Amino acid sequence: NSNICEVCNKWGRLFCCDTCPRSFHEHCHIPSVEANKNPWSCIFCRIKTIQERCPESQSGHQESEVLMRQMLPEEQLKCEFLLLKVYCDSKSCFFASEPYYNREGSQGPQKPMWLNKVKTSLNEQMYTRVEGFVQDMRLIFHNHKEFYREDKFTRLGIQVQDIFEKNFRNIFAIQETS
Ligand SMILES: [Zn+2]
Ligand SMILES: [Zn+2]
Ligand SMILES: [Zn+2]
């Protein structure tokens, strides 16, 4: 197995996947690495299994249909994986914890949002449809763009949103378009 965490790329107390060579810190994996279970399969492996069991799940889908799906076990897992893919980017550090807003010439957002809040919301089964998760994720980046206005720091929001959107289209097999 790898000797660094797949998500944060650091060594430490790592849990090893039994079906692929990835490793994880306990709370870097989403969901948090399960207490017992030998063998243990990571989320990359679990997602791969879903695909392999239902190859047709990779045919193109309309975003509007994906968003109305109820958060049954497979959709819950797919949102956890998508969240994890965003944490895999080092730029996620800017969006992880609760923000605060005190900049001359801007006003903070009406509804602040951050990754760790989305992570807690998923853990607590607070989303009933995929739309709830996706709306909160997109709101993270929208709030950032609006607050930072013309500061070049706005680009971090564009960058991490692009990671989000690419992974959303991949995980939920959104129909490719120009
Ligand atoms: Zn880690
Ligand atoms: Zn694995
Ligand atoms: Zn099938």
# chains A, B, ... in the order shown; residues from 1 in each chain; ligands from 1
call {"tool": "residues_near_ligand", "arguments": {"ligand": "ligand 2", "cutoff": "10 Å", "atoms": "only C-alpha atoms and all ligand atoms", "output": "number ranges by chain"}}
result
A: 1, 16-24, 40-48
call {"tool": "residues_around", "arguments": {"residues": "residue 50 in chain A", "least_positions_apart": "4", "cutoff": "12 Å", "atoms": "only C-alpha atoms", "output": "ChimeraX atom specification"}}
result
/A:43-46,54-58,73-75,77-78,171-172
call {"tool": "atom_distance", "arguments": {"atom1": "CA of residue 102 in chain A", "atom2": "CA of residue 165 in chain A"}}
result
28.6 Å
call {"tool": "closest_residue", "arguments": {"among": "A:28, A:67, A:83, A:174", "to": "residue 132 in chain A", "atoms": "only C-alpha atoms"}}
result
A:67
call {"tool": "residues_near_ligand", "arguments": {"ligand": "ligand 1", "cutoff": "9 Å", "atoms": "only C-alpha atoms and all ligand atoms", "output": "PyMOL selection string"}}
result
chain A and resi 4-14+23-29+88
call {"tool": "write_last_selection", "arguments": {"atoms": "N, CA, C and O atoms", "output": "compact mmCIF listing (two decimals), in the first residue's frame"}}
result
# COMPACT_ATOMS: atom_id res chain seq x y z
N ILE A 4 1.55 7.28 2.02
CA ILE A 4 0.99 8.60 2.30
C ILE A 4 -0.56 8.54 2.13
O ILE A 4 -1.06 7.69 1.43
N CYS A 5 -1.25 9.36 2.86
CA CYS A 5 -2.71 9.52 2.71
C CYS A 5 -3.08 10.01 1.31
O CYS A 5 -2.52 10.92 0.78
N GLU A 6 -4.08 9.36 0.70
CA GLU A 6 -4.49 9.65 -0.65
C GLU A 6 -5.05 11.06 -0.77
O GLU A 6 -4.94 11.64 -1.78
N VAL A 7 -5.63 11.56 0.28
CA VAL A 7 -6.37 12.85 0.29
C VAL A 7 -5.41 14.01 0.57
O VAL A 7 -5.31 14.95 -0.25
N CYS A 8 -4.64 13.92 1.65
CA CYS A 8 -3.79 15.06 2.08
C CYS A 8 -2.28 14.91 1.76
O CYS A 8 -1.53 15.86 2.00
N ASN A 9 -1.88 13.72 1.28
CA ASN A 9 -0.54 13.42 0.84
C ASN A 9 0.50 13.46 1.94
O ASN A 9 1.68 13.67 1.60
N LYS A 10 0.07 13.32 3.20
CA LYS A 10 0.96 13.23 4.37
C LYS A 10 0.99 11.80 4.93
O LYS A 10 0.03 11.01 4.77
N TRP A 11 2.11 11.46 5.59
CA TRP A 11 2.22 10.26 6.37
C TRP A 11 1.49 10.46 7.69
O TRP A 11 0.91 11.53 7.94
N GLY A 12 1.37 9.39 8.46
CA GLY A 12 0.86 9.47 9.81
C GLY A 12 0.27 8.09 10.15
O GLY A 12 0.79 7.04 9.68
N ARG A 13 -0.78 8.10 10.97
CA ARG A 13 -1.58 6.91 11.30
C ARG A 13 -2.49 6.61 10.09
O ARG A 13 -3.47 7.26 9.87
N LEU A 14 -2.12 5.65 9.29
CA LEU A 14 -2.83 5.41 8.02
C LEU A 14 -3.56 4.07 8.12
O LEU A 14 -3.06 3.13 8.73
N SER A 23 -4.11 4.49 0.81
CA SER A 23 -4.19 4.59 2.26
C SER A 23 -4.76 5.89 2.69
O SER A 23 -4.61 6.87 1.93
N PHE A 24 -5.28 5.93 3.92
CA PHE A 24 -5.98 7.09 4.48
C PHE A 24 -5.80 7.37 5.94
O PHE A 24 -5.88 6.48 6.79
N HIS A 25 -5.71 8.67 6.27
CA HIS A 25 -5.97 9.02 7.63
C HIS A 25 -7.44 8.73 7.91
O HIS A 25 -8.33 8.87 7.01
N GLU A 26 -7.71 8.47 9.19
CA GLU A 26 -9.06 8.11 9.64
C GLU A 26 -10.13 9.08 9.16
O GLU A 26 -11.10 8.61 8.56
N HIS A 27 -9.97 10.37 9.46
CA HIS A 27 -10.91 11.42 9.08
C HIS A 27 -10.64 12.14 7.74
O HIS A 27 -11.37 13.05 7.38
N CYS A 28 -9.64 11.70 7.02
CA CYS A 28 -9.48 12.14 5.65
C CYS A 28 -10.43 11.33 4.74
O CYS A 28 -10.97 11.86 3.77
N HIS A 29 -10.53 10.02 4.98
CA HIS A 29 -11.49 9.18 4.27
C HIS A 29 -12.91 9.70 4.62
O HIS A 29 -13.17 10.21 5.71
N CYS A 88 -9.27 16.33 -1.85
CA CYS A 88 -8.00 15.87 -2.41
C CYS A 88 -7.14 16.99 -3.01
O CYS A 88 -5.93 16.84 -3.12
call {"tool": "residues_around", "arguments": {"residues": "residue 107 in chain A", "least_positions_apart": "5", "cutoff": "10 Å", "atoms": "only C-alpha atoms", "output": "JSON, numbers by chain"}}
result
{"A": [101, 102, 146, 147, 148]}
call {"tool": "write_last_selection", "arguments": {"atoms": "N, CA and C atoms", "output": "PDB file, in the first residue's frame"}}
result
ATOM      1  N   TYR A 101     -15.922  37.424   7.291  1.00  0.00           N
ATOM      2  CA  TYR A 101     -15.999  38.381   6.238  1.00  0.00           C
ATOM      3  C   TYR A 101     -15.897  39.854   6.743  1.00  0.00           C
ATOM      4  N   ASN A 102     -14.705  40.426   6.586  1.00  0.00           N
ATOM      5  CA  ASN A 102     -14.488  41.819   6.990  1.00  0.00           C
ATOM      6  C   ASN A 102     -13.454  42.461   6.074  1.00  0.00           C
ATOM      7  N   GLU A 146     -18.433  36.202  -5.198  1.00  0.00           N
ATOM      8  CA  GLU A 146     -19.131  37.457  -4.881  1.00  0.00           C
ATOM      9  C   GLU A 146     -18.401  38.352  -3.848  1.00  0.00           C
ATOM     10  N   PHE A 147     -17.794  37.755  -2.859  1.00  0.00           N
ATOM     11  CA  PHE A 147     -17.182  38.537  -1.755  1.00  0.00           C
ATOM     12  C   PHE A 147     -15.846  39.145  -2.213  1.00  0.00           C
ATOM     13  N   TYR A 148     -15.033  38.358  -2.911  1.00  0.00           N
ATOM     14  CA  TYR A 148     -13.704  38.809  -3.316  1.00  0.00           C
ATOM     15  C   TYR A 148     -13.717  39.659  -4.595  1.00  0.00           C
TER      16      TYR A 148
END
call {"tool": "select_by_dssp", "arguments": {"residues": "chain A", "states": "alpha helix (DSSP H)", "output": "NGL selection string"}}
result
:A and (43-53 or 63-68 or 73-87 or 93-96 or 115-123 or 130-148 or 154-171)
call {"tool": "closest_residue", "arguments": {"among": "A:66, A:160, A:30, A:35", "to": "residue 131 in chain A", "atoms": "only C-alpha atoms"}}
result
A:66
call {"tool": "residues_around", "arguments": {"residues": "residue 159 in chain A", "least_positions_apart": "6", "cutoff": "12 Å", "atoms": "only C-alpha atoms", "output": "PyMOL selection string"}}
result
chain A and resi 86+89-92+94-95+141-142+144-145+152-153+165-166
call {"tool": "residues_around", "arguments": {"residues": "residue 129 in chain A", "least_positions_apart": "2", "cutoff": "6 Å", "atoms": "only C-alpha atoms", "output": "list in words"}}
result
residues 68, 69, 70, 71, 127, 131 and 132 of chain A
call {"tool": "closest_residue", "arguments": {"among": "A:157, A:151, A:52, A:80", "to": "residue 120 in chain A", "atoms": "only C-alpha atoms"}}
result
A:80
call {"tool": "select_by_dssp", "arguments": {"residues": "chain A", "states": "strand (DSSP E)", "output": "MDAnalysis selection string"}}
result
chainID A and resid 14:16 23:25
call {"tool": "write_last_selection", "arguments": {"atoms": "N, CA, C and O atoms", "output": "compact mmCIF listing (two decimals), in the first residue's frame"}}
result
# COMPACT_ATOMS: atom_id res chain seq x y z
N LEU A 14 -2.12 5.65 9.29
CA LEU A 14 -2.83 5.41 8.02
C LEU A 14 -3.56 4.07 8.12
O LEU A 14 -3.06 3.13 8.73
N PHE A 15 -4.72 4.01 7.48
CA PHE A 15 -5.50 2.78 7.28
C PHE A 15 -5.40 2.38 5.82
O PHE A 15 -5.54 3.24 4.93
N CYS A 16 -5.14 1.12 5.53
CA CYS A 16 -4.81 0.68 4.21
C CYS A 16 -6.01 0.01 3.55
O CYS A 16 -6.68 -0.76 4.20
N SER A 23 -4.11 4.49 0.81
CA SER A 23 -4.19 4.59 2.26
C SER A 23 -4.76 5.89 2.69
O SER A 23 -4.61 6.87 1.93
N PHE A 24 -5.28 5.93 3.92
CA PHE A 24 -5.98 7.09 4.48
C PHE A 24 -5.80 7.37 5.94
O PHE A 24 -5.88 6.48 6.79
N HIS A 25 -5.71 8.67 6.27
CA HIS A 25 -5.97 9.02 7.63
C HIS A 25 -7.44 8.73 7.91
O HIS A 25 -8.33 8.87 7.01
call {"tool": "atom_distance", "arguments": {"atom1": "CA of residue 156 in chain A", "atom2": "CA of residue 85 in chain A"}}
result
16.1 Å
call {"tool": "closest_residue", "arguments": {"among": "A:135, A:49, A:76, A:116", "to": "ligand 3", "atoms": "only C-alpha atoms and all ligand atoms"}}
result
A:49
call {"tool": "closest_residue", "arguments": {"among": "A:36, A:177, A:110, A:51", "to": "ligand 3", "atoms": "only C-alpha atoms and all ligand atoms"}}
result
A:51
call {"tool": "atom_distance", "arguments": {"atom1": "CA of residue 72 in chain A", "atom2": "CA of residue 164 in chain A"}}
result
21.1 Å
call {"tool": "closest_residue", "arguments": {"among": "A:37, A:31, A:59, A:115", "to": "ligand 3", "atoms": "only C-alpha atoms and all ligand atoms"}}
result
A:59
